[PDB]
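Novice: Got a structure for you, written out below as structure tokens; questions coming shortly.
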Amino acid sequence: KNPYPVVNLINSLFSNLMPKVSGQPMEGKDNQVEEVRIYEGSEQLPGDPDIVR
Amino acid sequence: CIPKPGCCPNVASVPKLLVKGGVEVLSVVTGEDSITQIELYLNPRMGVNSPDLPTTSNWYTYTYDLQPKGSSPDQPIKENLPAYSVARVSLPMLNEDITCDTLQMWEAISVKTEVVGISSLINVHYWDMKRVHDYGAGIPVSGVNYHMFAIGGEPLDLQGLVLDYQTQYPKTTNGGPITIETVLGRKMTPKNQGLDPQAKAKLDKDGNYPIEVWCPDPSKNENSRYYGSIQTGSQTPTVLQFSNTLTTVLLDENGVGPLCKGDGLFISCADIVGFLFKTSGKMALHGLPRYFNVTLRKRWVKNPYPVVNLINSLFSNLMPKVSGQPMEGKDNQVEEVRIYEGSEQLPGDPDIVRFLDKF
Amino acid sequence: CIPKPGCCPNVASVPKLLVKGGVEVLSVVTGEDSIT
Amino acid sequence: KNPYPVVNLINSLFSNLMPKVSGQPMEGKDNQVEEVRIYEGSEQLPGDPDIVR
Amino acid sequence: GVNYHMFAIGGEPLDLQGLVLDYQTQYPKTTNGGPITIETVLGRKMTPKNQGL
Ligand SMILES: [Ca+2]
């Protein structure tokens, strides 16, 4: 059974083939990213709006 | 409504065109039943291969003065080596059906061709033409002819053969033309005066594969169709005909034309018209371009190659390669290979010999 | 048409051999149950 | 089972029914056969006449 | 005298491990041909760790 599904290889291939992009660091030790939130569905309003999950 | 088919007169039905223009319109997406049609030309690359250079473009579509050296060996000038012409036409992508494992490829079904500029040959008044006799007119362009063209979906495969292997063709420099010892890597042997299966090379570039050295390899030109002609004489007359009614069909005995791999149409041609007898006695060849009216259509084919195995070849860890002992080719270190499938009644001799003359 | 089973003797069922040769042979297309 | 055809055997023994010729080589190291193709049956059209394996 | 016999069958190139009887030895350098030694793989002179695993 193909262990590596083709779709993941396709993107993983052209990305290396496509011209690279040397921007400001956005991943790794010196990432320039502060918060990243992810929502899904609706819940009753929690008290603390600064909640972290 | 108001068509009135009985009252309205009858008008014949013909295929309608959706667009007409340059290459730019080739990017128009079409249906499956669409039929494109390309009209293009190819100027003759015959040693003097560009009018743009200012120094010596006065001899475009010509060669320098040909003459025998007179002392072994021969060191010919690049501008005395007529070469084949070639071009690739990038065709747009097509649909595919992975579930059914089929896809579309461009098929060339018919080609209309013609040699442009034939009428230009009646010019007997050139200020340096050798008179046929005193107080007379010049000697019209005549002599050797080499006509050839090819239509295919992959570059034309070639075979090399020369008239003398002693000949020292120009070196492998990038601007220089490709010769026999270029592809081999060694000075060519007298075997090359005859057929040599080692002297093969595809027609990659333009104006770099000389005619007097290369000829279409009939064995592997199987996904393309080529036609040729020749006449060899000192002052042999040149006979050519042309019209727009002559159409050439490219289909094979199975009913398919050349399939454009990589969505690319490959066209090759070469037409030597004759010599140009100069007053000084010197001689030089001349050529003319060709017209090409290719009719293309869409055909469905089965993808013969497994996708996953094919794409994995690009990954290093999935396709490992080594510099092992010779296990393929002239020095293969394999003695026998047997394939077993299904069962049969027991044969007597286990070492079955199929050829009759062997034992 | 078929030969008389009683009039004709039976033999063993050895695996069928399709081809025997050099390296140029591996190109042969074979079924899903073939052995090399 | 007899693997070898009886008639073809005795045909080898006669110079008339098995003529030989000392011609250019068509076998061995210096053979002069560029390619051989063997067709049997029928399939759907492949997308490449220059099939590689 | 001395005998050493091994064979390996696999769908991948055989994975090897480096171990030398003496790291003091200086094997010939790899110059477009010639043996490949631990020095060639690591890029450093062999440390006495290499006498072990
Ligand atoms: Ca062939």
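Novice: Give me the pairs: first residue in region B:201-227 and over 13 Å from B:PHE149 (Cα atoms), second residue among the aliphatic types (A, V, I, L, M) and within 16 Å of the ligand (Cβ to nearest atom), beta-carbon distance under 6 Å, and six or more apart or on different chains, which are they?
Specialist: From residues that are over 13 Å from B:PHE149 (Cα atoms), the pairs are B:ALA201/B:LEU158; B:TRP214/B:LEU158; B:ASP217/B:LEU158.
Novice: OK, next. Any idea which of (1) over 25 Å from B:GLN325 (Cα atoms); (2) touching a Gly at 6+ places or on another chain (Cβ under 8 Å) is the one E:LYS49 doesn't satisfy?
Specialist: Evaluating E:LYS49 over (1) over 25 Å from B:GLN325 (Cα atoms); (2) touching a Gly at 6+ places or on another chain (Cβ under 8 Å) leaves (2) as the failure.
Novice: Something else: Conditions first: (1) within 14 Å of chain D (Cβ to nearest Cβ); (2) part of a loop (DSSP other than H, G, I, E, B). B:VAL301 passes all but one, so which condition is the exception?
Specialist: All conditions are met except number (2).
Novice: Next question. Which residue, of B:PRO76, B:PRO44, is out of contact with any strand residue (DSSP E or B) (no Cβ under 7 Å at 6 or more places or on another chain) and either exposed (fewer than 11 other Cβ atoms within 10 Å of the Cβ) or not charged (D, E, K, R) (or both)?
Specialist: Sole residue among the options that is out of contact with any strand residue (DSSP E or B) (no Cβ under 7 Å at 6 or more places or on another chain) and either exposed (fewer than 11 other Cβ atoms within 10 Å of the Cβ) or not charged (D, E, K, R) (or both): B:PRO76.
Novice: Please count how many residues of region B:118-131 are in contact with a strand residue (DSSP E or B) (Cβ under 7 Å, 6 or more places away or on another chain) and in a loop (DSSP other than H, G, I, E, B).
Specialist: Selection size over region B:118-131: 5.
Novice: Additional query: Does region B:3-18 include one or more residues that are in a loop (DSSP other than H, G, I, E, B) and touching a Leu at 6+ places or on another chain (Cβ under 9 Å)?
Specialist: So far as region B:3-18 goes, no, none of its residues is in a loop (DSSP other than H, G, I, E, B) and touching a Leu at 6+ places or on another chain (Cβ under 9 Å).
Novice: Right, next: Touching a residue at least 12 places away in the same chain (Cβ under 8 Å), in a loop (DSSP other than H, G, I, E, B) and within 30 Å of B:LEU259 (Cα to Cα) - does that describe any residue in region B:162-171?
Specialist: Checking region B:162-171: not a single residue is touching a residue at least 12 places away in the same chain (Cβ under 8 Å), in a loop (DSSP other than H, G, I, E, B) and within 30 Å of B:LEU259 (Cα to Cα).
This table checks each residue for (1) outside any loop (DSSP other than H, G, I, E, B); (2) under 30 Å from D:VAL6 (Cα atoms); (3) facing another protein chain (nearest Cβ under 10 Å).
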| residue | (1), (2), (3) |
| --- | --- |
| B:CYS269 | yes, no, no |
| B:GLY281 | no, no, no |
| B:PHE292 | yes, no, no |
| B:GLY329 | no, no, yes |
| B:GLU344 | yes, yes, yes |
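Novice: With D:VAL52, D:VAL21 as the choices, which residue is within 9 Å of another protein chain (Cβ to nearest Cβ), assigned to a loop (DSSP other than H, G, I, E, B) and either touching a residue at least 40 places away in the same chain (Cβ under 8 Å) or out of contact with any strand residue (DSSP E or B) (no Cβ under 6 Å at 6 or more places or on another chain) (or both)?
Specialist: From the options D:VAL52, D:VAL21, the qualifying one is D:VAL52.
Novice: Let me ask something additional. What number of residues within chain C are more than 22 Å from D:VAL36 (Cα to Cα) and of a type in the set (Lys, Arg)?
Specialist: Residues that pass the stated criteria total 2.
Novice: Another question, then. Answer yes or no as to whether B:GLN235 is more than 13 Å from chain D (Cβ to nearest Cβ), without any contact (Cβ under 8 Å) to a residue 12 or more places away in the chain and either part of a loop (DSSP other than H, G, I, E, B) or touching a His at 6+ places or on another chain (Cβ under 8 Å) (or both).
Specialist: Taking the combined requirement at face value, the residue does not satisfy it.
Novice: State whether the residues of region B:211-219 include one that is farther than 21 Å from B:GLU79 by Cβ, of a type in the set (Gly, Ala, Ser), within 16 Å of the ligand (Cβ to nearest atom) and not in a loop (DSSP other than H, G, I, E, B).
Specialist: The answer is no; no qualifying residue exists.
Novice: Going by what's in this entry, would B:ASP74 be described as within 14 Å of another protein chain (Cβ to nearest Cβ) and either over 24 Å from B:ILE178 (Cα atoms) or over 26 Å from the mean Cα position of the chain (by Cα) (or both)?
Specialist: no
Novice: Among the residues of region B:307-359, what is the count of those that are exposed (fewer than 12 other Cβ atoms within 10 Å of the Cβ) and at positive phi?
Specialist: Count: 1.
Novice: Within region D:29-48, which residues are within 16 Å of the ligand (Cβ to nearest atom), under 30 Å from B:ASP97 (Cα atoms) and either in a strand (DSSP E or B) or touching a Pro at 6+ places or on another chain (Cβ under 7 Å) (or both)?
Specialist: D:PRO46, D:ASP48 - these are the residues of region D:29-48 that are within 16 Å of the ligand (Cβ to nearest atom), under 30 Å from B:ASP97 (Cα atoms) and either in a strand (DSSP E or B) or touching a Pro at 6+ places or on another chain (Cβ under 7 Å) (or both).
Novice: Do we have any residue at all in region B:249-271 that's within 16 Å of the ligand (Cβ to nearest atom), within 22 Å of B:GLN159 (Cβ to Cβ), of a type in the set (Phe, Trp, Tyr) and under 13 Å from the mean Cα position of the chain (by Cα)?
Specialist: No: zero hits.
Novice: Of all residues in region B:190-204, how many are assigned to a strand (DSSP E or B), small (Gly, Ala, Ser) and within 12 Å of chain D (Cβ to nearest Cβ)?
Specialist: 0
Novice: Being more than 16 Å from the ligand (Cβ to nearest atom) and in a loop (DSSP other than H, G, I, E, B) narrows it down to one residue among B:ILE230, B:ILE178; which is it?
Specialist: Matching residue, one of B:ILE230, B:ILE178: B:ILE178.
Novice: Go through the residues of region B:102-114 one by one and say whether even a single one is part of a loop (DSSP other than H, G, I, E, B) and surrounded by 15 or more Cβ atoms within 10 Å (Cβ to Cβ).
Specialist: no
Novice: Now a separate question. Scan region D:28-40 and report the pairs whose first residue is closer than 20 Å to B:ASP357 by Cβ and more than 11 Å from chain B (Cβ to nearest Cβ) and whose second residue is within 16 Å of the ligand (Cβ to nearest atom) and β-branched (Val, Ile, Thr), with Cβ atoms within less than 8 Å and a gap of 6+ or a chain change.
Specialist: Note: no pairs meet the criteria.
Using ideal geometry, Cβ is built from the backbone for each residue, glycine included, and neighbour counts are taken over all protein chains shown. Here, each number is a calculation from the coordinates, and none is a lab measurement.
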